[PDB]
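Asker: fold the following.
(chains A, B, C and D, ligands or ions: 4)
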Amino acid sequence: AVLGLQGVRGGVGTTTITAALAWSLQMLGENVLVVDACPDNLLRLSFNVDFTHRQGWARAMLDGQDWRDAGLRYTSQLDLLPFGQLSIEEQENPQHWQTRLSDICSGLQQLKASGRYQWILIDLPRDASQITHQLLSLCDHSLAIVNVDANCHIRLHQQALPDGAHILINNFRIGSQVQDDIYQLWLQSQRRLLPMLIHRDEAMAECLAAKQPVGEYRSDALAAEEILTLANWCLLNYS
Amino acid sequence: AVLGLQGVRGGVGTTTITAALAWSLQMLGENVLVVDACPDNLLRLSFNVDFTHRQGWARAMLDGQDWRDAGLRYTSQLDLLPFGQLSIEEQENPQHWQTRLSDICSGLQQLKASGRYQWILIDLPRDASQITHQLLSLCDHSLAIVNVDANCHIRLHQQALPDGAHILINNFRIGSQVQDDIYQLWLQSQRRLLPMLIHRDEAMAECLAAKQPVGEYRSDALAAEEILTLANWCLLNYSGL
Amino acid sequence: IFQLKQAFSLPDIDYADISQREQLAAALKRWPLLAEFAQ
Amino acid sequence: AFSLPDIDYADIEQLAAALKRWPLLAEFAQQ
Ligand SMILES: Nc1ncnc2c1ncn2[C@@H]1O[C@H](COP(=O)(O)OP(=O)(O)OP(=O)(O)O)[C@@H](O)[C@H]1O
Ligand SMILES: Nc1ncnc2c1ncn2[C@@H]1O[C@H](COP(=O)(O)OP(=O)(O)OP(=O)(O)O)[C@@H](O)[C@H]1O
Ligand SMILES: [Mg+2]
Ligand SMILES: [Mg+2]
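Answerer: Residues are numbered from 1 along each chain as shown, chains lettered A, B, ... in the order given. Ligands and ions are numbered 1, 2, ... in the order given. The structure is reproduced below:
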C-alpha cells in the first residue's frame, strides 16, 4: 500500500511521524520504503544520513542521473529515498524544477506494480505544486497531520484535503484549556478523525537530535507506543 | 518602516506575533497597517473579521477590482489588509495567481512613500513564490521566527533567510533537555538572535480563538509583555528606512 | 480534481449534534471562533 | 538578497556535553 502523510500546515510533525510509522511497520514484520517528497530533505536525518550527503531522487533527476541509484538501505526491511539537497538558487526558484520531476511518478508506479515493498510511505510537503499533486495521485490512502489549535481548526473549514484522508492529531499537550475545548468539539463534529493521537513527548523531540526514528531511539517511549497503535490501525484499514 | 515577518518554517507563530506586534505598536501611538500575504488568509481572524468575509487585496485583484477598497479599519491607528478567500480551485493552482499579483508592490511602495503609516507589517508565507520575494524586497527590515527544536536547528544551517533579518524565538519553555541544549547552543553561535524571546503562553493560544490580538485579549500576559518589549525594540532599532 | 486523477474536498464536518453535550455549549460560549463555524 | 544565517562555532561553555549528547548537534558544530 502507498500511504501519503501531509500536514494540514507546516511544523505539525509529519516528518517525525513518517519515520516513526515506517519503523513501527518494520517491527510488525513489514517491508517499507520511505520517500521524502519535501524539498527541505529532512526525512533522511531521522535515519543517520550524513548532513553532507546530498544525493536523493530529485537531486539525481535534476542532474540527469538515475533516481533509482540514490536510495539507501536502513535495515533489511526499511529502505530510504531522500529528496536530495538543493542549492540556495534552486530553493528560491521552485518553478525551475517543480515541473522537471514528473518521471518520479512513473518510476514509483513501476515500484508499486512490482510489489517489491509492502508499504511505501511518502512524506509530502505543505504546498500545491505539480509534483506534490502527482505523488498524491499514486497514494492509496493519506493521513492529514494536525495539531489541536485554533490555526488547524480554521484550516479544516477552508482548505481541501486528499479525498478519503483521515486526520491524525500530533503534539497533544497538558495545560491548555483551549486545546481541550477544540478537541472535544472535534470528537463530535470531525467525521474523519482517527481514534488515536500522539502526545507531545520528549522522545519525539530528542529522536531527531539522535538521528533515529522514535521507536528505535526509545522503544518503550509513550509516543513510540502511540505510533505502534497507528501502525496496527494502518495494517487493518489501509491494506 | 516596512517590517516583514516570516517563519523559518510553518506553524512557528508568525501570524499571531504579527497581529500582536501590530497591536502593541498602535498601543504605543503608531499608525499601523498590517498586510496578510499568506494565501491561508488567517491574519484577519485575529481582528474579529467574519469568516464568510471573502474580500481581500488578492481576491480583489483576481476578480478585477481595486485592492484599496478591500481594507478594513480595526482602530483609528490600526488598519487591516486581508489576503481574501481563495476558492478550492485557486488554492490547488498556485502558479495561476502567484504571477498576476505583482502590482501590489507598486501599490504598497506608493503607500510607503505617502507616510500615512509609521509601520507596515507584512505577514509573509513560508514559500519562495514570486509575490513573496517581491514583498520581501519592499521590507525595510525582517524577522525570521523560529521555535527551539531540532527541525529549526537544521533549517538554520541549510536554508536562506532574508538578508539582514533577525531571529526571534517563539513558543519557548524551559524543561525539555534537548531544547535547552539547542537554546544554549544558539546563544553562543547564532549571531543574529534577538535579545528577547516569546515564551509559550496559553494567551497566545486563546487569543485567536477569541479573535483578538494577544495584547487586547490579556494585556498582563507574559507573552503580551514580551511583544511590547519587541515593539519597543523595533521603535529603537527598526525605525530607519 | 487534479489530472491518474486526484480529487480534493473539504474535510467532512457535521455540526448537527452539538447542542447535546453541555460541555460543548460552554466551549462555544467562551470561544467566538468555534461558535462562528458551528452555527 | 538571500543568504545563510550567521553562525560561528569557533570556540565551544558546557556545550561540549550537549554536542556529545546529540549527534545532530555535533554534526553542524564540527562541520
Ligand atoms: N509529538 C512530538 N513531541 C515533541 N516534539 C515533537 C513531536 N512531533 C514533532 N516534534 C518535533 O517538532 C519538530 C518538527 O517536527 P517535524 O519535522 O516532524 O514536522 P513537520 O510537519 O515535518 O515540519 P516541516 O514543516 O519542517 O516539514 C521537530 O524538531 C520534531 O522533533
Ligand atoms: N507563544 C505561543 N504560545 C502558545 N501557543 C502559541 C504561541 N504562538 C503561537 N501559538 C499557537 O500556535 C498556532 C500557530 O500559530 P500561528 O498561526 O501564529 O503560526 P504560523 O507560523 O503563522 O502558522 P502558518 O504556517 O499556518 O501560517 C496557533 O494556534 C497559535 O495560537
Ligand atoms: Mg516535514
Ligand atoms: Mg501564518
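Asker: hey, which helix is longest across chain C?
Answerer: Determined from DSSP state H, the single longest helix within chain C is helix C:22-30.
Asker: so which elements touch that helix?
Answerer: Judged by 3 or more CB pairs under 8 Å, 6 or more residues apart in numbering or on different chains; DSSP states H and E, the packing partners of helix C:22-30 are helix A:177-189, helix C:32-38. The way it works is simple: take the backbone N, C-alpha and C, and place the C-beta from them, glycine included.
Asker: dump those into a markdown table; add mean neighbour count and distance to ligand 3 as well.
Answerer: A markdown table is the format used below for those (neighbours: other CB atoms under 10 Å in any protein chain shown; distance: least, CB to the ion, whole Å):
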| stretch | mean neighbour count | distance to ligand 3 |
| --- | --- | --- |
| helix A:177-189 | 19 | 22 |
| helix C:32-38 | 18 | 27 |
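Asker: would you list the ones you listed in a markdown table and tack on distance to ligand 2?
Answerer: Shown next, in a markdown table, are those (distance: least, CB to the nearest ligand atom, whole Å):
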| stretch | distance to ligand 2 |
| --- | --- |
| helix A:177-189 | 8 |
| helix C:32-38 | 10 |
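Asker: of all those helices, which lies closest to ligand 4?
Answerer: Judged by CB to the ion, the one of the helices and strands packed on helix C:22-30 that comes nearest to ligand 4 is helix C:32-38, at 15.1 Å.
Asker: got the CA positions of that closest one in PDB?
Answerer: Included here for helix C:32-38 are C-alpha records, laid out as PDB according to Å, rounded to 0.1, in the frame of the first residue of the first chain:
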ATOM      1  CA  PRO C  32     -16.400  33.100  19.400                       C
ATOM      2  CA  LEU C  33     -14.200  31.400  16.700                       C
ATOM      3  CA  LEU C  34     -15.600  28.000  17.400                       C
ATOM      4  CA  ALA C  35     -19.200  29.300  17.600                       C
ATOM      5  CA  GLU C  36     -18.700  31.000  14.300                       C
ATOM      6  CA  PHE C  37     -18.000  27.800  12.400                       C
ATOM      7  CA  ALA C  38     -20.600  25.800  14.500                       C
END
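Asker: within range of chain D, give me the residues from chain A.
Answerer: The interface of chain A toward chain D, taken as CB under 8 Å from any CB of the partner chain, is made up of A:45, A:48, A:50-52, A:88, A:92, A:206, A:208-211.
Asker: which of those sits closest to residue C:34?
Answerer: Closest approach to residue C:34 among these (CB to CB): residue A:208, at 32.7 Å.
Asker: sorry, back to before: ok, and what's touching the longest helix of chain C?
Answerer: By CB atoms under 8 Å, 6 or more residues apart in numbering or on different chains, the residues outside helix C:22-30 that reach it are A:181-182, A:184-185, A:188, C:18-19, C:34-35, C:38.
Asker: which residue does chain A have closest to ligand 4?
Answerer: residue A:151 (7.3 Å).
Asker: correct me if wrong: that residue contacts residue B:43.
Answerer: No - if you go by CB atoms under 8 Å, residue A:151 and residue B:43 don't touch, sitting 11.3 Å apart.
Asker: pop out the phi and psi values for the residue nearest the centre of chain C.
Answerer: Closest to where the C-alpha atoms of chain C average out (CA atoms, centre = their mean) is residue C:13, at 4.6 Å. Dihedral angles of residue C:13 (phi, psi; degrees, to the nearest 10) stand at phi -130, psi 130.
Asker: so how far is ligand 1 from it?
Answerer: Applying CB to the nearest ligand atom, to the nearest Å, the value for residue C:13 to ligand 1 is 22 Å.
Asker: was I right to think residue A:4 contacts residue A:142?
Answerer: Yes - in terms of CB under 8 Å, residue A:4 counts as a neighbour of residue A:142; the distance is 4.1 Å.
Asker: show me what contacts residue A:136?
Answerer: By CB under 8 Å, 6+ apart, the contact list for residue A:136 reads A:4, A:6, A:124, A:142, A:162, C:2, C:6.
Asker: out of those, which are inside strands?
Answerer: Those of those mapping onto strands are A:4, A:6, A:124, A:142, A:162, per DSSP state E.
Asker: nearest spatial neighbour of the third one, chain-adjacent residues omitted?
Answerer: The reference is to residue A:124. Using CB to CB, 6 or more residues apart in numbering or on different chains and skipping residues adjacent in sequence, the residue nearest residue A:124 is residue A:6, 4.0 Å away.
Asker: burial check on that neighbour, number of neighbours?
Answerer: A count of nearby residues for residue A:6, using other CB atoms under 10 Å in any protein chain shown, gives 26.
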